[PDB]
Structures are given as C-alpha cells and as structure tokens.
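As structure tokens, the structure follows; a few thoughts come after it.
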Amino acid sequence: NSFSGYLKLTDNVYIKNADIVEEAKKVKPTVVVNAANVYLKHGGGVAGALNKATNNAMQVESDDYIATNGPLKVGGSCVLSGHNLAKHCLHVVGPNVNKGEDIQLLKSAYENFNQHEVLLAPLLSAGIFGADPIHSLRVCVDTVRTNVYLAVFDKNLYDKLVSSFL
Ligand SMILES: CC(C)[C@@H](Nc1ncnc2[nH]ccc12)C(F)F
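Sequential numbering from 1026 applies to the sequence shown in the UniProt record's numbering.
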C-alpha cells in the first residue's frame, strides 16, 4: 500500500492520473478493484488490462468461480486472487446504464468497497458502461467510507475531476 503522488479529495478518497495496472505493479496493494461484468469476462477496459497483466491467470480463475457459483448480480462483488498485482482482486459490477441498468445500482456497487480498509480502484461504470465519470466520482465520495485510492488513466478526465472536486 505505498501509494505515491495522489491528491487527497476527501477524508478517505485519493486520486492519481495513472494506469491502475502500473499502480498495482508498483504498490502490490492488499486489494485491487476490477470493474467487472456479471460473468467475469475480462475483454476490455480496465478488466481486460488487469487480466492481460496477469497473462490470463485472472480469466482462468474467474471462469472456475462462475462454474461453481454462477454469475454475480449487478451491484454485487466477489473476492478472488490478485495474482501478481495484489493480494486480492475485488471484482465489482457497476450498472451498464447504456443497456438500461439502473444508475441507482452504482451506490450498491461502491458499497462493496466498504468491506476492505484500503483499496486501489478505478471509476465504476465509467468505461463502456456509459455512466458520466464525474457522477461516478460523486457516488464514490458519498458511499465509500474506507480508504480508496483511485487511478484514472486519462489526463483530460483527471483534470475535469480535480476541477469539479477541488
Ligand atoms: C474507467 C475509465 C473512465 C478510465 N480507464 C482506466 N482508468 C485507469 N486505469 C486504466 N487502465 C486501463 C484503462 C483504465 C479512463 F482513464 F479511461
């Protein structure tokens, strides 16, 4: 958990302009959060990048989890191995608002972070899931009560988030 170069936005939310994969390799946190889908198929966005950095070990493990437990619910999560990136990976499913899933479930998705004291995480539902990234940061700030270090890999978006937050 040796986080460097973060900006503190609130008592418990920190933000950095970095690829979450590079942060995980440098820090080796206790928990890295994945922005997953209900079948844990890590095909693109943050999920594809984290799985690629484990050389598909995350996908093989996720397929075994689904074989034994079935899919997650939207707003739900599971804890799996973090492989070479972290001790654990918290896979969290935010709503895919572009497919009519209710944005109210973004609060349920961020509530899963509260089971862990410290996490390295991305913005949920802000990739191909279509939610406004500044709205996603507002829900994170209003819902997460443990210590969360957010990595955002787009400088243009990082600057808009810091300006809107202060
Ligand atoms: C979730 C998105 C709003 C965000 N993407 C990411 N944020 C942090 N590390 C990442 N690695 C690969 C993708 C990626 C933005 F930068 F595009």
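Ideal placement from N, C-alpha and C gives every residue a C-beta, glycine not left out.
Looking at the structure shown, is residue i part of a helix, part of a strand, or coil, going by DSSP?
i	result
residue 1037	coil
residue 1102	strand
residue 1061	coil
residue 1031	coil
residue 1081	coil
residue 1172	strand
residue 1177	coil
Look at the alpha carbon of residue i and the alpha carbon of residue j, and state the distance between them as a whole number of angstroms.
i	j	result
residue 1180	residue 1042	6 Å
residue 1039	residue 1028	10 Å
residue 1089	residue 1191	43 Å
residue 1102	residue 1080	22 Å
residue 1087	residue 1063	11 Å
residue 1098	residue 1054	26 Å
residue 1092	residue 1108	20 Å
residue 1032	residue 1065	31 Å
residue 1150	residue 1026	24 Å
residue 1046	residue 1072	10 Å
residue 1183	residue 1189	10 Å
residue 1168	residue 1126	19 Å
residue 1143	residue 1078	21 Å
residue 1141	residue 1095	23 Å
I'd like the list of long-range same chain contacts for residue i, defined as Cβ closer than 7 Å, with 5 residues on each side in sequence excluded.
i	result
residue 1070	1060, 1152 and 1153
residue 1170	1037 and 1139
residue 1052	1026, 1027, 1028 and 1145
residue 1049	1057, 1110, 1111 and 1145
residue 1128	1120, 1122 and 1156
residue 1131	1119, 1120, 1149, 1150, 1156, 1161 and 1164
Taking 8 Å as the limit between beta carbons, can you name the residues of its chain near residue i, skipping five residues before and five after?
i	result
residue 1186	1040, 1158, 1159, 1162 and 1177
residue 1075	1045, 1046, 1049, 1057, 1059, 1067, 1083, 1110 and 1114
Could you check whether the Cβ of residue i sits closer than 8 Å to any heavy atom belonging to ligand 3?
i	result
residue 1145	This structure does not include ligand 3; its bound ligands are ligand 1.
Given residue i, which residues of its chain have a CB within under 6 Å of its CB, disregarding the five upstream and five downstream residues?
i	result
residue 1118	1061, 1063, 1097, 1099 and 1101
residue 1146	1058, 1173 and 1175
residue 1104	1113 and 1115
residue 1134	1100, 1117, 1119 and 1149
residue 1035	1166
Beta strand (DSSP E) runs contained entirely in the stretch 1108-1154, provided each spans 3 or more residues = List check, beta strand (DSSP E) in window: 1113-1117 and 1143-1146.
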